[PDB]
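These values consider heavy atoms only, across backbone and side chains, with no hydrogens, waters or symmetry-generated copies. Sequence positions, counted from 1, serve as the residue numbers for this chain.
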Amino acid sequence: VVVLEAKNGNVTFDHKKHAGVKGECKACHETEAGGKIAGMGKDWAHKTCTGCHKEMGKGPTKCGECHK
Ligand code: HEM
Ligand code: HEM
Ligand code: HEM
């Protein structure tokens with residue numbers, strides 16, 4: 001898994017749970033190959049991560065559901 005560090009509690013990101021989303025890899029990455037995400041941080045996460053969870057009605061939307 002990927003551990004996205006945060007001073008209020010790290011967030012654990014699992015690619016397995018994120019297969020079969022619109023755009024597939026390009027939902028989060030510039031390319032189909034993937035890689036590190038230079039823009040990663042609070043602004044990125046609270047837009048893109050939370051945004052999709054709300055759009056799909058699936059996944060964590062409250063602070064402590066991500067930050068542990
Ligand atoms: C099958 C499609 C995908 C591929 C091939 C892919 C590929 C990759 C690769 C190669 C890495 C870099 C791992 C490393 O260097 O340690 C990565 C990291 C990551 N991916 Fe994906 N990924 C895919 C889908 C997704 C999706 C859909 C999301 C969002 C929902 C996502 C979010 C992330 C995040 C947050 C990281 C960590 C980035 C960082 O720490 O800078 N990935 N992915
Ligand atoms: C209102 C509720 C939330 C609060 C108060 C909150 C607070 C924060 C704070 C203070 C940071 C910056 C941490 C740092 O730089 O050390 C951050 C970043 C982040 N948050 Fe949240 N957050 C909330 C909701 C969420 C949710 C629901 C998610 C998951 C969908 C999430 C995922 C993340 C991620 C992935 C980062 C970036 C970590 C990194 O790039 O290393 N947060 N958040
Ligand atoms: C880096 C950004 C993201 C983070 C940190 C994140 C985090 C998470 C976490 C922690 C879960 C599982 C919650 C649990 O097991 O308690 C989850 C589930 C889910 N996320 Fe994300 N997510 C991100 C981006 C996205 C995006 C962009 C999408 C849609 C395009 C998405 C769609 C989903 C879906 C559909 C689930 C439910 C999967 C299932 O139960 O099979 N997520 N996410």
Side-chain angles (χ1 to χ4, degrees):
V1 293
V2 179
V3 175
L4 302 169
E5 295 184 14
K7 65 173 57 48
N8 58 316
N10 297 339
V11 181
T12 295
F13 178 79
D14 182 272
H15 279 97
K16 214 183 98 77
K17 288 282 177 199
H18 289 84
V21 295
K22 181 184 179 176
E24 205 55 27
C25 317
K26 295 194 293 188
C28 299
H29 291 291
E30 177 161 284
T31 73
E32 177 173 48
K36 297 292 189 170
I37 298 171
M40 187 52 63
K42 173 178 61 142
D43 294 344
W44 200 103
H46 297 167
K47 173 180 177 57
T48 299
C49 310
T50 306
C52 176
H53 294 163
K54 290 188 178 169
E55 195 14 65
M56 296 190 62
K58 299 266 297 241
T61 61
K62 312 232 184 182
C63 320
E65 295 172 344
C66 288
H67 292 287
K68 296 190 178 299

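- The distance from the NZ atom of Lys62 to the NE2 atom of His67 is 14.5 Å, given to the nearest 0.5 Å.
- One distance of note links OG1 of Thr61 with CE of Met56; it measures 13.5 Å at 0.5 Å rounding.
- Taking all atoms of both residues into account, the shortest heavy-atom contact from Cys25 to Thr31 is CB-O, 4.1 Å.
- Counting non-hydrogen atoms of neighbouring residues, nucleotides and ligands closer than 6.0 angstrom, the NZ atom of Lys68 exceeds 12 such neighbours.
- Without hydrogens or angle criteria, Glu55 side chain to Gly51 main chain gives no donor-acceptor distance under 3.5 Å.
- Interatomic distance, NE2 of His18 versus SG of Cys28, reported as 7.0 Å (0.5 Å rounding).
- A donor-acceptor pair under 3.5 Å is formed between the side chain of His29 and the backbone N or O of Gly35.
- Note that SG of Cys66 and CZ of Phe13 are 11.0 Å apart. Values are rounded to the nearest 0.5 Å.
- Here the side chain of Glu30 pairs no donor or acceptor atom with the backbone of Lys26 at under 3.5 angstrom.
- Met40 contributes atom CE, which lies 13.0 Å from atom CD of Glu5 (distance to the nearest 0.5 angstrom).
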